Structure formats: structure tokens, C-alpha cells
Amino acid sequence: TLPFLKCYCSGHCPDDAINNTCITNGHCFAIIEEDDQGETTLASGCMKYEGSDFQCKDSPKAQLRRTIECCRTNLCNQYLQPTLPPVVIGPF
């Protein structure tokens, strides 16, 4: 229940982040997402334990296309690179 896990962060780094690294009691995460204007970005950081199951599960019904993935070992997200969910075409 104490801050023991270390993660890499990018775009979600806290202010006291040391060398693009954040500390947490929860999980590390990486997320690839497409914004309202079709741009895709990869970000990552730390996620507190409370509510991590909800966030790591995410929802298929999210309005924006995205994939978030979590892991719970030191710097496990440095090479974590999720792929976007496929776009369903049709009925055409």
C-alpha cells in the first residue's frame, strides 16, 4: 500500500518526475490514442492503485479510439507499445 513501483512516464509525468520516471503504489501504463482530429499519440506514466482495475480495463465504447495497457513491474512500460483497436467498416 506504499509507493514501491517505478515507471517510465511521457505526457503524463508528475512534476517531481526524475528522468521521465514516476513512482506509484499502483501500475505503470502506456496508451496509444487517436484524438478528435485523427492524430495518434503514445503516452505513459503511473496510475494509483485505487481505480486501476477500472482504468486498465477501459471501455470498448470509449468515443475515441484508444488502447491502454498496464503492467506491474519496475519500468515495465518503457517498451510497452499498444496498438489501436481496428476500425469496423460497413455495412457499406
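Think of the rigid core as the biggest set of C-alphas that the two forms share within 1.5 Å after superposition. Counting begins at 1, following the sequence as shown.
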query	finding
Greater root mean square CA deviation, 46-54 compared with 29-37 in 5 other deposited structures of this protein, core aligned	29-37
Higher C-alpha RMS shift from the shown form in 5 other deposited structures of this protein - 74-82 or 19-27, rigid core fit	74-82
71-79 versus 14-22 - greater average Cα B-factor per the deposited record	14-22
Stretch exceeding the other in mean C-alpha B-factor - 4-12, 82-90	82-90
Identity of residue with top Cα B-factor, from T41, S44, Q55, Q37	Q37
